[PDB]
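Just the one chain here, laid out as structure tokens, in the form deposited in one PDB entry.
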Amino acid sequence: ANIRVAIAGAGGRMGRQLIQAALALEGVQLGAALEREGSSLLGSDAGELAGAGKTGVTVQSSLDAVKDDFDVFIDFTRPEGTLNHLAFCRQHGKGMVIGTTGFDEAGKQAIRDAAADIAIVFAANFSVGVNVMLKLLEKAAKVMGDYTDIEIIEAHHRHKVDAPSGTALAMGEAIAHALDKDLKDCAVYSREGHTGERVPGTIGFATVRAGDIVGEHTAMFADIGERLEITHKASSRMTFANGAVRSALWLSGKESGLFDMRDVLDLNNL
């Protein structure tokens, strides 16, 4: 019952979860369900896709076709698709929640630029948990980070291709900044053979790849005699679907500006 949303990528891993997350969320209605033209346009929506009910909400291929059908557009697709939707939403004040990744500089640039006519939440990671952990780790670095050893460990399924995750990296920068240094001057990503002694001031990263682990991140601050650990474990991708939808909702009343989860979660004044 409020704000309607459109879900681009409706049959992809993220669009389904996004449908379930949307229904399930209150204060949000499911306006449109896009997919691209050429697929089996997998039975005009419903629980069709999102294994849910049925919903007279049926998947489509046309942006202008639905224009009056949603208020906020949520995208977890591909940079190229995004940029198109971006142009349309921008044309007709339609807010975006964007979680597609891998833009090039030009990519990102359109986004900030579309951001003065529409309201956009753009974020790398939409898990609330993760966004809080990043805030915590700062504080934490404030008082313990200094004199404590700092090591980040992250585990992911056997098909993740980049080591150490992007979240581990953000964790790393979050801290290094806190200590007001540069991640690049103090990071160590590998430890094989005779290393000699751990170097004070660095931030080691350890990386585990196995099974279907969706994502676990732990930050450690070790002194002599005690350890503080802050771990975030994602159990399923619903974790981002939930936080995308929460932000769609938060966009309510919002005319324009570029935002992220700190904005949504008000981690700022926190």
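Superpose the two forms; the largest set of C-alphas matching within 1.5 Å is the rigid core. From 1 onward, residues are counted along the sequence shown.
The same protein also has a form solved in complex with a small molecule, omitted here; what follows describes it.
Partner contact region in the deposited bound form: 117-125, out of 174-182, 188-196, 117-125, 140-148, criterion any non-hydrogen atom within 4.5 Å of the small molecule. In the deposited bound form, every residue of the candidate spot (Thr101, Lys160 and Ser165) has a heavy atom lying within 4.5 Å of the small molecule. The small molecule is not drawn, but in the deposited bound form it has a heavy atom within 4.5 Å of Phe240.
Core-aligned CA deviation for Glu226 between this form and the one not shown: 2 Å or greater. With the core superposed, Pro200 shows a C-alpha displacement of at least 2 Å between this form and the one not shown. Annotation for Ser165: C-alpha shift of 2 angstroms or more between this form and the one not shown, rigid core superposed.
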